[PDB]
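Chains B and A, in that order, are what the protein sequence lines are. Heads up, the first sequence is in PDB author numbering, so the first residue is 0 and it goes up one at a time. Heads up, the second sequence is in PDB author numbering, so the first residue is -1 and it goes up one at a time. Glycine is no exception: its CB is placed at the ideal position from the N, C-alpha and C atoms. Read through the structure below, which is laid out as structure tokens, and then see the notes.
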Amino acid sequence: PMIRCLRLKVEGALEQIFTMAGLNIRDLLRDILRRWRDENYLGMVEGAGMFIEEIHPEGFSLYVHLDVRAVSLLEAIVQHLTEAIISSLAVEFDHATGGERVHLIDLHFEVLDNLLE
Amino acid sequence: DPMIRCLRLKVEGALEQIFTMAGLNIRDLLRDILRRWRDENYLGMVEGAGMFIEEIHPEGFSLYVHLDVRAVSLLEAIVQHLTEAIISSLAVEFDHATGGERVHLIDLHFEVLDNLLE
């Protein structure tokens, strides 16, 4: 396998913004990723998992486990995943608030080291 | 079908400092223990795995191992193997580096993060 992990930080204040709009951003991310996993499985990624680790006093780290079909595909994989997350959160937020905006375009993944390479 | 998990092992800052004072780099030792497991073909337990380290502030770090553990009983077997392998190997390294001193390692354990996409 060719295994990578991505990490994205969700600010505690971002999570609260979503909460106040009546949204659970963790549940939304899970839905976005499930959908993205299903819409790519057997394609560029043979497997995908999602882990959440608390940040204290608030916020969380979102980890995405990926088994990629080839290393050179990572850039396009990360690009498409990032776009799906930002666009999908933006749509939900718009709908929950009657058209308010929230700053999301800084959401971005780091490709973590894989020391078992 | 896959059972993707993340195993997280916390290393206290004081434990890291204990190894540093023995002239040992515990992060590199842990890296090498996991690479030897890999180089044994993971003893067949998994087809592959990823590994990274995150800092703890102000001191210490967590080691992360993420892989398809296949099944619950196999997960338990992987965790038991890695934990024993880490504890025994670090103890040998520490013993050698210090001329036979001991260090308390039996609290080292992995917590398991669930795949939230399941």
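Between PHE59/A and the ligand FAD, is there a pair consisting of the residue's CB and a ligand heavy atom that are separated by less than 7 Å?
As far as ligands go, the structure on display features none, and thus does not contain the ligand FAD.
Which term fits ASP66/B, buried or exposed, when burial requires 16 or more other beta carbons within 10 angstroms of its beta carbon?
buried
Looking only at C-alpha atoms, which of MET1/A, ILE2/A, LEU7/A, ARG3/A sits nearest to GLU82/A?
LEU7/A
Buried or exposed: which applies to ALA12/A, given that a residue is buried once 16 or more other Cβ atoms fall within 10 Å of its Cβ?
Result: exposed.
Using 10 angstroms around the beta-carbon of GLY21/B, count the other beta-carbons present and answer buried if the total reaches 16, otherwise exposed.
exposed
According to the Cβ coordinates, are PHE50/B and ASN39/A closer than 8 Å?
no
If contact means a Cβ-Cβ distance below 7 Å, which residues of the segment 22 to 51 of chain B contact chain A?
Cβ contacts with chain A: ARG29, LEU32, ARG33, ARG36, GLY46, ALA47, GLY48, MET49, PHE50, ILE51.
Taking the alpha-carbon of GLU45/A as reference, which of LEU61/A, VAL90/A, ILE76/A has the nearest alpha-carbon?
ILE76/A
Determine the closest residue to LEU27/A out of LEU41/A, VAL9/A, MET43/A, with distance taken between C-alpha atoms.
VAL9/A
If I measure Cβ to Cβ from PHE59/A and keep anything under 6 Å in the same chain, skipping five residues before and after, which residues do I get?
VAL9, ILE51, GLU53
For the segment 49 to 100 of chain B, which segments carrying the beta strand (DSSP E) assignment without a break, of at least 3 residues, lie completely within its bounds, in sequence order?
59 to 67
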